[PDB]
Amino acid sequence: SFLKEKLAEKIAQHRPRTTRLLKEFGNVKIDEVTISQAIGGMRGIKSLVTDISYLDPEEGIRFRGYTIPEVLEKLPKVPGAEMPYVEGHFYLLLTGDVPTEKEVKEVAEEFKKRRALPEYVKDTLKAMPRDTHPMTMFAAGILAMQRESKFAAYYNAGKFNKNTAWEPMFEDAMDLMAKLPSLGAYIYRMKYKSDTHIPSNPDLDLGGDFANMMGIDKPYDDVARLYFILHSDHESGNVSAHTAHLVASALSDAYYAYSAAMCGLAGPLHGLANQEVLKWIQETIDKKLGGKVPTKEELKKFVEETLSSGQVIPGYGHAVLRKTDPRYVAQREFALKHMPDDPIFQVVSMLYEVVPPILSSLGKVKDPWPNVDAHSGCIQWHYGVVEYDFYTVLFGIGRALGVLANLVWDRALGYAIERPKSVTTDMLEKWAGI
């Protein structure tokens, strides 16, 4: 395609830059490791290289240099609709370039050719007990499709070549990316919607087709597009992206890598923040404030009760971010436009005002501000996605855009297996002098 040729051009430009850094600047130090960091999950260590996205603690996430407002600004929009083709965002992450309306249509056509789910994947999901958590089903659907890996075939057929490895990896990426929304939708329907299935519509973009298969009317299509774009990447240090990176560095294909990543995303400290926020808002509107939108004041002092009796406010606070998440802000902008009068949004809205002043007084948590998970669930809820456990599957579809693009580049640039060194407590104790 044009995309594969274009991507080959970028790779040839980028390989010299990388080769130079290694040969001429390999011994330049860039960070140091303290004991607190080895025990505390490498927190803060500059140990990974990614170009797909960068998280500044302050401004937020940039995708290939662009801010979120810029990306939503410049990406080609869907005719009839407010939001960009998810396919265009994928182009941007792979190439670095904003695509023309013509280049987006080539990708969209390529996705349509590839979005059909194998029958055996459906058979597999049925064989798994229906009461299995949806993220388990999601990860197993991906895993099962490893049978179709082009990369695996390439390697196992003895044709592995340091230079052209990214090529099959890119095909696996196009294939897996085109099917994940269908997979997600199948799980939604089989678990939550009486196991009746709406077929994919070949005339629809990825986001439009997802809403279709989910059975949800406009503007859920736009909700979906936005959501997937917002959750598309957050550099390569987060557990899900880092896991895929790590697995793939052993030359496991994208099916293995992305299955592993979803095992990471299913963690309560990663993928469950969104539901645990909404539940807690719904529990609060019901109990403390009597099933009614509070006044600014009963909320203002309700936060103090939760806080100075020893409990977190969920969806405030992050292990890198120190400011408002602009992903949060973009949710807020959709919600002002589209659901100003929804009760649960109004409680999120007020929390934005009242909660940062109060987490500031305590000077306690290193991020006194909201992340995305504060705002995601209330939008889903409003459009009838009331099945909390499924929110993580949505996250998983979105995050694949960034992760799969990152895996292509990792193979493109020939990055080696990730193999750090371990140490014992005995060893750390010797170095401390004990």
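Residue indices: 1-based, along the sequence shown.
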Higher mean Cα B-factor in the deposited model: 92 to 100 or 138 to 146? 92 to 100
Quick one: higher average CA temperature factor, 213 to 221 or 344 to 352? 344 to 352
Max C-alpha B-factor within the set 194, 232, 361, 236 falls on 361
Residue with highest C-alpha B-factor in the PDB entry, from 79, 199, 168, 184: 79
Temperature factor at the Cα of residue 17, chain-ranked in thirds, falls in the middle
Mind checking which third residue 398 falls in for C-alpha B-factor across the chain? lowest
Using the B-factors in the PDB entry, rank residue 132's C-alpha atom against the chain and give the third, lowest, middle or highest. lowest
Residue 74: which third of its chain by C-alpha temperature factor? middle
Thinking about Cα B factors across the chain, which third does residue 68 belong to? middle
